[PDB]
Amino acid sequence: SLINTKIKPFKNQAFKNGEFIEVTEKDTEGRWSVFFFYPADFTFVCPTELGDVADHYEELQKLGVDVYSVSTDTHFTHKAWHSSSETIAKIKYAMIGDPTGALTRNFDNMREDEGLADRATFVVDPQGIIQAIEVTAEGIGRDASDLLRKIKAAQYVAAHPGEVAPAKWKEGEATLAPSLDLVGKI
């Protein structure tokens, strides 16, 4: 999989808080990033997953995490969706348009026979390495709280090399210190 690989260069237009901006990989350097892919704008389902990320966005920015939602629609479409839907209107992070499919293909996330991205979330660290990946079928919700947890854990191992976060790890809980004597002990 693309776990533990570096993200590839990209250049896309985006809608962000009433403005059109350009995003490239250079904007991700030195930062934590979340690439949040979804198939299409303006479908008949409430865009809850994106709204749930927007609800957590202040906290994600406090942790220095930037969020980019991505679909193969244009930034023009994103802007109209943002005006037409109260849920989407809550989004203050960048909505990237990827009509060439190139960003989606960099993350190996294209449904080629449909021309739409799959429902994938990628966590990328400040050096561009992918640290977590989540892909679900339609109807299987992506929980923004499990995403926050994973990010906090990724930030923790980065700040404490020599330690690993066991299952269900949360802040305050015990970590493990990989060693010879710990081999076969747990």
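In case it trips you up, residue 1 is the first one in the sequence shown, and so on.
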Subject >> Of 56 to 64 and 34 to 42, the stretch whose C-alpha atoms average the higher B-factor in the entry >> reply: 56 to 64
Subject >> Greater mean Cα temperature factor according to the PDB record, 43 to 51 or 155 to 163 >> reply: 155 to 163
Subject >> Among modelled residues of the same chain, the CA temperature factor third for residue 131 >> reply: lowest
Original post:
Thinking about Cα B factors across the chain, which third does residue 78 belong to?
Top reply: lowest
**OP:** Rank-wise, by C-alpha B-factor, drop residue 2 into the lowest, middle or highest third of its chain.
**Re:** lowest
Original post:
What third of the chain, by the recorded C-alpha B-factor, contains residue 20?
Top reply: middle
Original post:
Lowest, middle or highest third: where is residue 149 by Cα B-factor in its chain?
Top reply: highest
